[PDB]
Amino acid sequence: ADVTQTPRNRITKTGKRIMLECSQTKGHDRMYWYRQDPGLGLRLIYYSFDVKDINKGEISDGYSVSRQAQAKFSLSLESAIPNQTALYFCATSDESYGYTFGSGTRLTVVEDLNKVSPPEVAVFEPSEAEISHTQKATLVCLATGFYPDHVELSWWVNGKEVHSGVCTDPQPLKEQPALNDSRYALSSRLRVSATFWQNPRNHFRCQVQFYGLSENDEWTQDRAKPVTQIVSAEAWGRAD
């Protein structure tokens, strides 16, 4: 936990200046900002070798940085545009090429905050045919109708988060692929033994953490303001 980034998740509208903060506890002179994009690796935006020292990297256009203190390195999107949607990583380096990367900041830039929309979530129950055929039981979670593509889906069994027996799609799909501001849908599966599913005390919840508007953002529509929020759906075991 030497390297801390804030915020961890941010939605912003286009055309706004946005600031991302990095702080370190190791006293390293070298700091870096990278961004990560599918199929391009990490590309270096800016780097700093000392207080007030600033150097452009590979893709510095549309960004600025400040290094007023040794412990902190700030990155600003000068005027955010959609293709600056990315995962942003700060890093420090010691004197012998030992890098420590921060945990990352997931930043989504959208043209129109009016399109932001939380998921609806539904849980679909194992079929009796699967149970009979395999003695296993697959639940399916579907999260639909959300925008932008900025969610985390998890499963909770008897109030404990589980990773075993889960597979979530690695990317949501577009509900209207011809539209550049299509809403998204994402599925996940949780498979358990039939005996476990057949105990009616057992409780299964699909949770979707959605990142959306904050209190600062203005909201003008009749429907509920689409703030960052968790939407869940649940099912209980079934003895049949």
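Counting begins at 1, following the sequence as shown.
**Q** Which is higher on mean Cα B factor in this entry, 181-189 or 45-53?
**A** Looking at the record's C-alpha B-factors, the answer is 45-53.
**Q** With reference to the PDB entry, specify whether the mean Cα temperature factor is higher for 129-137 or for 153-161.
**A** It is 129-137.
**Q** Pull the Cα B-factor of residue 78 out of the PDB entry and bin it into the chain's lowest, middle or highest third.
**A** Highest third of the chain for residue 78's C-alpha B-factor.
**Q** Which third of the chain holds residue 235 when residues are ordered by C-alpha B factor: lowest, middle or highest?
**A** According to the entry, residue 235 has a C-alpha B-factor in the chain's middle third.
**Q** Lowest, middle or highest third: where is residue 35 by C-alpha B factor in its chain?
**A** Lowest third of the chain for residue 35's C-alpha B-factor.
**Q** Ranked by Cα temperature factor within the chain, is residue 90 in the lowest third, the middle third or the highest third?
**A** It falls in the middle third of the chain.
**Q** What third of its chain's C-alpha B-factors does residue 110 belong to: lowest, middle or highest?
**A** For residue 110, whose C-alpha B-factor we compare with every modelled residue in the chain, the answer is the middle third.
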